[PDB]
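When we count neighbours, we look across all protein chains shown, and the Cβ atoms used for this are built from the backbone with ideal geometry, even at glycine. What follows draws every value from the coordinates through simple rules; no lab data is involved.
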Amino acid sequence: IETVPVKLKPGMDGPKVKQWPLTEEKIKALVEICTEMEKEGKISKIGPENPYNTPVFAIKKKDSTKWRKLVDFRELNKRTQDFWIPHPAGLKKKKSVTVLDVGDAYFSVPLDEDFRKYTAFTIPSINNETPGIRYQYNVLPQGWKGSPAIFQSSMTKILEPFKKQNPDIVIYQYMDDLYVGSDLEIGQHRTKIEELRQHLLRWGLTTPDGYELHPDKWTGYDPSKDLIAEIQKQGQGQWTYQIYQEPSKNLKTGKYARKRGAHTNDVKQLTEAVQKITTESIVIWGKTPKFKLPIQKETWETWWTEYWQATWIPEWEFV
């Protein structure tokens, strides 16, 4: 076949980020996953000769029993070159929008051999029987900024048939998810989703069941600048947030009520709020905000991975 040359931004080296400790449950799940990815060729074992590292952990999506590997490529993404498909203002106007995970599609495209070293990561060892189990990718990895950009031409022709027969439908890709929206009746909308998934399945693409959304009831953007989200605790499970680019010019405000449940706390509820706000920012503007979270760094960093349910990770800072 053939790959796409890729580069880090000028003057920048690959990531050297320590692996953080994990629960035995997550370690066991990463070992099962990575064992299989290795046999399939998607990743290769490596040793300490590779000086780069990126943290890994494991998560379960909302209403799902399947562990999913999540590599926190945020540092590699900052350092990866920019790549040179505008945002659909119509998406936020649709009666219904379904979110499909298509991250499995990347694993069919090889990664430039000279870039692979930068994607190394380390599964910690249970009971310290080894110093760790290390791998690097041979294919486009989920969560890397480069993967949807390189795959895009492939994605366009995967979707050309379906779009040709359904122009009343909007399909927007952000990172590793498709956003599929229509004003159709929900029954009509839900079966068009199946139709799309059948088609993607014919291409090998399997898709975890998607989250549904209805933005038409959600109630001066400069796309060259970052979005910022601030969150405040209100008490009794309630939260407020503002999204803005210049401090006094708010573009959106809202409030978030914590998920019902016997087990809850501020960290879990914050991860819920971040995920709901990020999802809305993507549908409205196509960008994930940088979050200002009302919580101590150490507390967040100790616990947030116990509650994360998304395949992406935003930037955040603390107080």
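Take each of the peptides 223-229, 256-262, average the number of other beta-carbon atoms within 10 Å over its residues, and list them starting from the highest.
223-229, 256-262
Averaging sequence separations of C-alpha pairs under 8 Å and six or more residues apart, then dividing by the length of the range 228-317, give the relative contact order as a whole percent.
Here the relative contact order equals 28 percent.
Describe numerically, in nm with one decimal, the distance between label points set 7 Å from Cα along Cα→Cβ at residue 206 and at residue 84.
4.0
With charges only on Cβ, +1 for K and R and -1 for D and E, what is the dipole size of the chain about its Cα centre, in debye, rounded to 20?
With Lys and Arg at +1 and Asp and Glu at -1, about 620 debye.
Using the Cα atoms of the range 95-232 to build a convex hull, what is its mean projected area in square nanometres?
Mean shadow area of the hull around the Cα atoms is 13.5 nm².
What ranking, highest mean first, results for peptides 119-126, 88-95, 242-249, 286-293 when packing means the other Cβ atoms within 10 Å averaged over each residue?
For the peptides 119-126, 88-95, 242-249, 286-293, the packing ranking is 119-126, 286-293, 88-95, 242-249.
Relative to the present Cα-Cα distance, how much length would full extension add between residue 214 and residue 104 at 0.36 nm per residue of separation?
Extending this stretch completely gives an extra 37.0 nm.
Cross-link partners among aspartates and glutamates for residue 45, C-alpha distance below 13 Å, same-chain residues fewer than 8 apart left out?
36
Among 295, 241, 271, whose Cα projects farthest towards the positive end of the dipole of the range 228-317, with charges put on the beta-carbon of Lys, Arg (+1) and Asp, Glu (-1)?
Result: 241.
Answer rounded, prolate or oblate for the range 1-146, using the Cα gyration tensor with square roots of eigenvalues a ≥ b ≥ c: rounded when a/c is under 1.5, else prolate when a/b is larger than b/c, else oblate.
Here the range 1-146 falls in the oblate category.
Efficiency by 1/(1 + (r/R0)^6): what FRET value for residue 222 and residue 255, r their Cβ-Cβ distance, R0 = 35 Å, to the nearest 0.05?
Step by step, r from the Cβ atoms, then E = 0.85.
To the nearest Å, what is the center-to-center distance of the range 188-226 and the range 74-89, using C-alpha atoms only?
The range 188-226 and the range 74-89 have Cα centres separated by 20 Å.
So what are the range 228-317's ellipsoid semi-axes, whole angstrom, largest first, if each one is the square root of 5 times an eigenvalue of the alpha-carbon gyration tensor?
20, 14, 13
Over the chain, what number does the Rg to Rh ratio reach, with both radii from the alpha-carbon atoms and Rh per Kirkwood?
For the chain, the value is 0.95.
Projected onto the charge dipole of the range 228-317 (+1 at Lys/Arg Cβ, -1 at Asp/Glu Cβ, origin at the Cα centre), which of 251, 304, 229 gives the Cα projection farthest towards the positive end?
251
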